[PDB]
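Chains as they are written, first to last, in the entry's author numbering: chain H, 1 to 121; chain L, 1 to 104; chain G, 333 to 526; chain B, 1 to 107; chain A, 1 to 118.
Built from N, CA and C at the ideal position, the CB exists for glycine as well.
Worksheet for the structure shown next.
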Amino acid sequence: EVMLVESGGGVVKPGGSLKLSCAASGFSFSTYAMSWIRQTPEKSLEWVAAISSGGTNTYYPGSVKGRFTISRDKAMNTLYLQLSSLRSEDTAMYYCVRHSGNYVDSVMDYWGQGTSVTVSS
Amino acid sequence: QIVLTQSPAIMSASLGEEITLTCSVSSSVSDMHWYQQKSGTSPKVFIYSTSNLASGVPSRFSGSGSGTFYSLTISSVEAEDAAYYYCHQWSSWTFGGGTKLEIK
Amino acid sequence: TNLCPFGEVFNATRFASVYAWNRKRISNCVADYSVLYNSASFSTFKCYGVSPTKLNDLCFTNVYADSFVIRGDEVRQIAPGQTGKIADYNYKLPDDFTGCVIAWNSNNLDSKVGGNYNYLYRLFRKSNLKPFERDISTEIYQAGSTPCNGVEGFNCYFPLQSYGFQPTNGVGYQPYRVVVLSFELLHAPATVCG
Amino acid sequence: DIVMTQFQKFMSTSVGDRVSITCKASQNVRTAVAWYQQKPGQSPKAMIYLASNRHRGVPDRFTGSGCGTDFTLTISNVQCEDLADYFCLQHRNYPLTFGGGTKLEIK
Amino acid sequence: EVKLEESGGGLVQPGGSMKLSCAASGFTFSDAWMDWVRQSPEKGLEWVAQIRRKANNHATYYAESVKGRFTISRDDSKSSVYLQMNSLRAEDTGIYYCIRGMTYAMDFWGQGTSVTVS
Ligand SMILES: *[C@@H]1O[C@H](CO)[C@@H](O[C@@H]2O[C@H](CO)[C@@H](O)[C@H](O)[C@H]2NC(C)=O)[C@H](O)[C@H]1NC(C)=O
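Below, the structure is given as structure tokens:
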């Protein structure tokens, strides 16, 4: 069985820094490209970060490029997406997502549960 | 910039009737995957590469399409298949709109 | 031991469009394909009839490397037998191929903030391309019965459309530089060994 | 002028079948034929341009092929979405003439 | 979003004049070849006129049934095309559609405008 659990989500005022974690267990880790997918509260999914299998090529969309950073640790078998310069439209629920191949072109097999990041106050 | 439009926003079928979910693309893409999100769980995967089924999905769901129009077809809709359906492709940076399905 | 030049066909500053790809005859080398296979920077390394680990233990007569730039979603059409807008009208591979198709993302170089309109592709043709044939003919195809004398308003459509390359497009619509190594063995002394 | 003869004004096929609508011409219009679908109460949306190509957002079922004088538009897996009229026109010479029209109704 | 909307919905006595206007926006109006097509209940679909793009000297091609009674004029600054009809007849009844570009890609059609004679 494959399990993808997230953490780190909470409440932060605009301009803060927040680091999400995703502990992966149940498969051979560094031979599958992984990605993060957020869900805005109108229930409209979108990519927010995607990393290939070797941890070399990371792709961010145009709205969050330069402030979001993905990371990949083969040693302790987690996955990080740390945030910076949060606007008022970054309220979402961030899913941990594993692809089926060693690149980001394949299909997203198993999704995590996701822990929300709500920016206010 | 690829936009992925699904028509309409909300569908509704009766118990046992067939229904076809549409996902029209702006310009040409290769294939299209289809996801299903229930109420309060994460989305899962049903169809990849427009014609294959995932492991454990009931065998009433079928797919078709190439180019700029893709279809998800359910043979006999029963009460469990009442959830959102997002179509995503590798070249979009956003998912589809998501067509809800509710039992009549 | 003089190694073979791969450092001007791979990490070049500007490739060519897919409708006029660059064909480079490589001969009298000692090539090192194992340095290419263990670079971990390419995203697609598919060999189509040879083994990638046994590339060094092969003596060919000519190796031909074809460089072009396509979208990320269209690297699937550089396969033996596949069809589409690229395999039919731009670059056709035969279904007895013996070579390795290499590709990697190139969004940092082949994309500008206003749009890079230097990469073109062929939209239609009279017939399908027989394999390994380029066709650089910018003619307006003359649909209709009146000679239109070099316009584009009605029929007399232009055959080449430009790629729309922005840095915010999607991982399948970013420019993927593709190089296709093709091994040919004539009746001649083998010199490309490695 | 070039006239398009479209002699089938009524085609009666059930759901999930294959229909082939023909568009005869009187002189050799080379490849310049377009196909139009007009749902009742709307304006015609374009299906085929230059007698073989397919538009954006039209399904894979709608395919048309042929050259010379006798063209065809063949649909497969006819759903309930395809209850409409199908027109063809030529655009080789400037008196552009449309066809008659082929109405489909479900059995 | 590409859209085309027409005007001039009315009835005229045979011998009047009616000037239809088609305002378009959402695309580059300089390079677009826009026709006007006619739908009548008795004679089916017909084709009325055609104005071309800027690089083709703003050419006008009418059908031979409406020569001298139909002129078409465009203006890319206001992004609209006009179809001025004078000395109308009994068989000019029908709906007049304004399209973006016929027989290629971007083949959008308008919605039409009912023109009747008494
Ligand atoms: C194209 O140029 C790059 C930049 O030098 C090459 O990358 C180097 O590859 C060698 C071979 O392993 C490494 O030792 C260097 O450290 C790399 N340079 C870096 C990472 O900056 C690349 O190999 C070249 N392409 C080919 C086909 O030789």
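Any Cβ of chain A closer than 7 Å to the Cβ of residue 95 (chain B) would place that residue at the interface, and such an atom is present.
The CB of residue 20 (chain L) comes closer than 9 Å to the CB of 79 and 81 in chain B, given here in chain order. For residue 58 (chain B), the neighbours in chain L by C-beta distance under 7 Å run, in chain order, 69.
Sorting A:58, A:70 and A:1 by C-alpha distance to the C-alpha of residue 92 (chain A) places A:70 at the top. Taking a Cβ-Cβ threshold of 9 Å, the residues of chain H close to residue 98 (chain L) are 43, 44 and 45, in chain order. In this structure, the beta-carbon distance from residue 36 (chain A) to residue 96 (chain A) falls below 7 Å. Selection G:362, G:356, G:387 and G:517 evaluated against residue 399 (chain G) yields G:356 as nearest (Cα-Cα).
Look at residue 104 (chain H): its C-beta is under 7 Å from a C-beta on chain G. In this structure, residue 110 (chain H) sits near residue 2 (chain H), with a CB-CB distance shorter than 7 Å. Restricting attention to L:71, L:9, L:39 and L:36, the CA atom closest to the CA of residue 58 (chain B) is found in L:71. Apart from sequence neighbours up to five positions away, the residues of its chain that approach residue 43 (chain L) with a beta-carbon distance below 6 Å are 35 and 37, ordered along the chain. Contact annotation for residue 59 (chain H) against chain G: 503 [CB-CB distance below 7 Å, chain order]. Ranked by Cα distance from residue 62 (chain H), the first of H:71, H:46 and H:56 is H:46.
With a cutoff of 6 Å, residue 343 (chain G) counts as near ligand 1, since its C-beta is closer than that to a heavy atom of the ligand. Chain B places no beta carbon closer than 7 Å to that of residue 522 (chain G), leaving this residue out of the contacts. With a threshold of 6 Å, the Cβ atom of residue 338 (chain G) counts as near ligand 1, since some heavy atom of the ligand is closer than that. For residue 88 (chain B), the beta-bridge partners assigned by DSSP are B:35. Counting only residues of its own chain and dropping the five nearest sequence neighbours on each side, residue 77 (chain H) has a CB closer than 8 Å to the CB of 23, 24, 25 and 29. Within the DSSP secondary-structure output, residue 19 (chain A) pairs in a beta bridge with A:84. In the structure shown, residue 420 (chain G) adopts helical secondary structure according to DSSP, grouped into three states. At least one CB of chain B lies nearer than 7 Å to the CB of residue 475 (chain G).
Nearest C-alpha to residue 91 (chain L) among G:344, G:403 and G:367: G:403.
Taking a C-beta distance under 7 Å as the contact criterion, residue 477 (chain G) and residue 93 (chain B) qualify as a contact pair.
What residue 20 (chain A) touches in chain B, judged by beta-carbon distance under 9 Å, is nothing: the nearest beta carbon there is about 15 Å away. In the three-state reduction of the DSSP assignment, residue 350 (chain G) falls in the helix class, which pools H, G and I. By the CB criterion at 7 Å, residue 74 (chain B) and residue 11 (chain B) fall outside the cutoff. At a Cβ-Cβ threshold of 7 Å, residue 32 (chain L) and residue 99 (chain L) do not count as neighbours.
Residues of the region 51-74 of chain A whose Cβ lies closer than 7 Å to any Cβ of chain G, in chain order: 52, 53, 55 and 56. Secondary structure at residue 75 (chain H): coil, using DSSP grouped into helix, strand and coil. With its beta carbon less than 7 Å from one in chain H, residue 437 (chain G) belongs to the interface. In this structure, residue 434 (chain G) sits near residue 374 (chain G), with a CB-CB distance shorter than 7 Å. Between residue 36 (chain H) and chain L, the shortest Cβ-Cβ separation is not below 7 Å. Across the structure, residue 44 (chain A) and residue 19 (chain L) are spaced so that their CA atoms are roughly 35 Å apart. Distance from residue 23 (chain A) to residue 5 (chain A) at the Cβ level is roughly 6 Å; contact confirmed, criterion being Cβ atoms closer than 8 Å. Among the bridge pairs identified by DSSP, residue 396 (chain G) is matched with G:357 and G:514.
Put simply, the backbone Cα of residue 496 (chain G) is about 9 Å away from that of residue 443 (chain G).
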